[PDB]
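Enquirer: Mind having a look at this structure? Questions to follow.
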Amino acid sequence: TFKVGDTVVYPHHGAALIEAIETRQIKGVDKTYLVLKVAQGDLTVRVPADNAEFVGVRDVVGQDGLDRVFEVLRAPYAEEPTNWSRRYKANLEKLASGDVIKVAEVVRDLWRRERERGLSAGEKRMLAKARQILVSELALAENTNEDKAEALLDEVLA
DNA sequence: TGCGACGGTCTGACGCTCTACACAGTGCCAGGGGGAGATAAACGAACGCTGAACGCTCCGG
């Protein structure tokens, strides 16, 4: 399932590359740890392969992902509750869910809201974080350059 | 009630200048009411223009 040198998407950190497989022993049990890293925060993540699906790791989605996130990005008739508190409570939950379709919907609706009137400066931090993690997810999926990854999305979100 | 003792409470702890310094870890926005500043108009005032008009010295044919 998991090999060396491959790219894996980790929640709240985006795409990452695996360095090696670690065989550290805990209580006399040889767990199959794997170590991975990103270029954003300069951190190393060690996850055993047995509970990898439980913690929420996920591989690189092929050609079946960009088309579905584009068609849910272009999906009209999206509505939000009138009170901003319910939508505010929903969006970070959708971000923490880690689904690509959910984060694409959140960034599309939020970008539309910022375009129409302009929300605030506080929400700019989370829009920026979501755009960063989404462009990092799509950058290593299509194997494109990061500047090309952020450039290609500029003509499709309108 | 008398007893020590147990305890709290309270007080200051010589004088001045030469010197003499500053002070730090945990949310967020929408709807609505007031007064600050720009606007264009307004009622009244006095400010000018009209030279006219009164009166003077005036050079004068």
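If you're wondering about the labels, chains in the structure tokens are A, B, ... by order shown, residues count from 1 in each chain, ligands from 1 in order shown.
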Residues of chain B within 9 Å of chain A, counting only C-alpha atoms (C1' of nucleotides) - could you list those as a list in words?
Expert: residues 28, 29 and 30 of chain B
Enquirer: Next, write the just-selected residues to a file, as a PDB file, in the first residue's frame, keeping N, CA, C and O atoms (P, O5', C5', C4', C3', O3' and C1' of nucleotides) as the atom set.
Expert:
```
ATOM      1  P    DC B  28     -10.547  36.771  17.105  1.00  0.00           P
ATOM      2  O5'  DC B  28     -12.067  37.054  16.685  1.00  0.00           O
ATOM      3  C5'  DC B  28     -12.855  36.008  16.133  1.00  0.00           C
ATOM      4  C4'  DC B  28     -14.166  36.543  15.581  1.00  0.00           C
ATOM      5  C3'  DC B  28     -14.117  37.981  15.047  1.00  0.00           C
ATOM      6  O3'  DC B  28     -14.729  38.037  13.763  1.00  0.00           O
ATOM      7  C1'  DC B  28     -15.922  37.722  16.531  1.00  0.00           C
ATOM      8  P    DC B  29     -14.445  39.269  12.769  1.00  0.00           P
ATOM      9  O5'  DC B  29     -15.908  39.741  12.325  1.00  0.00           O
ATOM     10  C5'  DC B  29     -16.739  38.859  11.578  1.00  0.00           C
ATOM     11  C4'  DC B  29     -18.208  39.195  11.767  1.00  0.00           C
ATOM     12  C3'  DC B  29     -18.631  40.585  11.278  1.00  0.00           C
ATOM     13  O3'  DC B  29     -19.874  40.495  10.590  1.00  0.00           O
ATOM     14  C1'  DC B  29     -19.285  40.297  13.510  1.00  0.00           C
ATOM     15  P    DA B  30     -20.357  41.682   9.618  1.00  0.00           P
ATOM     16  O5'  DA B  30     -21.703  41.119   8.967  1.00  0.00           O
ATOM     17  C5'  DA B  30     -22.470  40.135   9.653  1.00  0.00           C
ATOM     18  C4'  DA B  30     -23.595  40.773  10.451  1.00  0.00           C
ATOM     19  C3'  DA B  30     -24.160  42.073   9.864  1.00  0.00           C
ATOM     20  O3'  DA B  30     -25.526  41.895   9.506  1.00  0.00           O
ATOM     21  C1'  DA B  30     -23.843  42.223  12.222  1.00  0.00           C
TER      22       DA B  30
END
```
Enquirer: If you run DSSP over the backbone, which residues in range 8-155 of chain A end up strand (DSSP E or B)? Put them as a PyMOL selection string.
Expert: chain A and resi 8-10+14-22+25-26+29-30+33-37+44-48+58
Enquirer: Which value, in Å to one decimal, gives the distance between CA of residue 156 in chain A and CA of residue 9 in chain A?
Expert: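 Taking CA of residue 156 in chain A and CA of residue 9 in chain A, their separation equals 22.9 Å.
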Enquirer: Quick one: DSSP helix (DSSP H, G or I) residues in chain A, as number ranges by chain?
Expert: A: 52-55, 63-73, 84-97, 100-116, 122-139, 146-155
Enquirer: Mind checking which residues fall within 8 Å of residue 157 in chain A, counting only C-alpha atoms (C1' of nucleotides), ignoring those fewer than 6 positions away in the same chain, and posting them as a compact mmCIF listing (two decimals) with N, CA and C atoms, in the first residue's frame?
Expert:
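Generated file (selection.txt):
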```txt
# COMPACT_ATOMS: atom_id res chain seq x y z
N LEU A 73 -16.56 22.77 -7.96
CA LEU A 73 -16.17 24.18 -7.89
C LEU A 73 -17.03 25.04 -8.80
N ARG A 74 -17.52 24.48 -9.90
CA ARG A 74 -18.40 25.19 -10.82
C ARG A 74 -19.87 24.93 -10.55
N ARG A 108 -14.35 27.75 -2.66
CA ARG A 108 -15.11 28.40 -3.72
C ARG A 108 -16.15 29.36 -3.16
```
Enquirer: Using only C-alpha atoms for the distances, tell me which of A:136, A:145, A:25, A:82 is nearest to residue 7 in chain A.
Expert: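 Once distances to residue 7 in chain A are computed over only C-alpha atoms, the minimum belongs to A:136.
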Enquirer: Would you mind listing what lies within 9 Å of residue 21 in chain A as a PDB file with N, CA and C atoms, in the first residue's frame, with only C-alpha atoms (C1' of nucleotides) counted and same-chain residues fewer than 2 positions away left out?
Expert:
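around_10.pdb written:
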```
ATOM      1  N   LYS A   3       4.835   2.737  -0.121  1.00  0.00           N
ATOM      2  CA  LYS A   3       6.199   2.442  -0.534  1.00  0.00           C
ATOM      3  C   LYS A   3       7.101   3.630  -0.210  1.00  0.00           C
ATOM      4  N   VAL A   4       8.349   3.537  -0.648  1.00  0.00           N
ATOM      5  CA  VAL A   4       9.342   4.579  -0.413  1.00  0.00           C
ATOM      6  C   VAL A   4       9.419   5.474  -1.643  1.00  0.00           C
ATOM      7  N   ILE A  18       7.712  10.773   1.548  1.00  0.00           N
ATOM      8  CA  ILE A  18       8.170   9.786   2.521  1.00  0.00           C
ATOM      9  C   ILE A  18       9.655   9.525   2.306  1.00  0.00           C
ATOM     10  N   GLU A  19      10.423   9.561   3.394  1.00  0.00           N
ATOM     11  CA  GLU A  19      11.862   9.333   3.354  1.00  0.00           C
ATOM     12  C   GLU A  19      12.231   7.860   3.487  1.00  0.00           C
ATOM     13  N   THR A  23      11.653   1.105  11.946  1.00  0.00           N
ATOM     14  CA  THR A  23      11.316  -0.116  12.667  1.00  0.00           C
ATOM     15  C   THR A  23      11.539   0.050  14.166  1.00  0.00           C
ATOM     16  N   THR A  32       5.618  -0.907  12.113  1.00  0.00           N
ATOM     17  CA  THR A  32       6.151  -0.488  10.816  1.00  0.00           C
ATOM     18  C   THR A  32       5.912   1.009  10.639  1.00  0.00           C
ATOM     19  N   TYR A  33       6.768   1.797  11.283  1.00  0.00           N
ATOM     20  CA  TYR A  33       6.694   3.245  11.159  1.00  0.00           C
ATOM     21  C   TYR A  33       7.228   3.705   9.806  1.00  0.00           C
ATOM     22  N   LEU A  34       6.604   4.747   9.268  1.00  0.00           N
ATOM     23  CA  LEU A  34       7.071   5.417   8.065  1.00  0.00           C
ATOM     24  C   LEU A  34       7.177   6.906   8.355  1.00  0.00           C
ATOM     25  N   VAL A  35       8.244   7.526   7.851  1.00  0.00           N
ATOM     26  CA  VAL A  35       8.527   8.931   8.112  1.00  0.00           C
ATOM     27  C   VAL A  35       8.347   9.729   6.825  1.00  0.00           C
ATOM     28  N   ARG A  46       6.016  10.599  11.752  1.00  0.00           N
ATOM     29  CA  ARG A  46       6.199   9.151  11.806  1.00  0.00           C
ATOM     30  C   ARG A  46       4.853   8.513  12.123  1.00  0.00           C
TER      31      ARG A  46
END
```
Enquirer: Using CA of residue 66 in chain A and CA of residue 137 in chain A as the two end points, give the distance in Å to one decimal.
Expert: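 Going from CA of residue 66 in chain A over to CA of residue 137 in chain A covers 10.5 Å.
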Enquirer: Taking 4 positions as the minimum chain separation for residues in the same chain, which residues sit within 12 Å of residue 153 in chain A when counting only C-alpha atoms (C1' of nucleotides)? Answer as a list in words.
Expert: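 In the requested form, the answer reads residues 66, 69, 70, 73, 104, 107, 108, 131, 132, 134, 135, 138, 139, 146, 147, 148, 149, 157 and 158 of chain A.
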Enquirer: Just checking: using only C-alpha atoms, which residue out of A:140, A:152, A:121, A:49 ends up closest to residue 62 in chain A?
Expert: A:140
Enquirer: For CA of residue 105 in chain A and CA of residue 8 in chain A, determine how far apart the two atoms are, in Å to one decimal place.
Expert: 21.9 Å
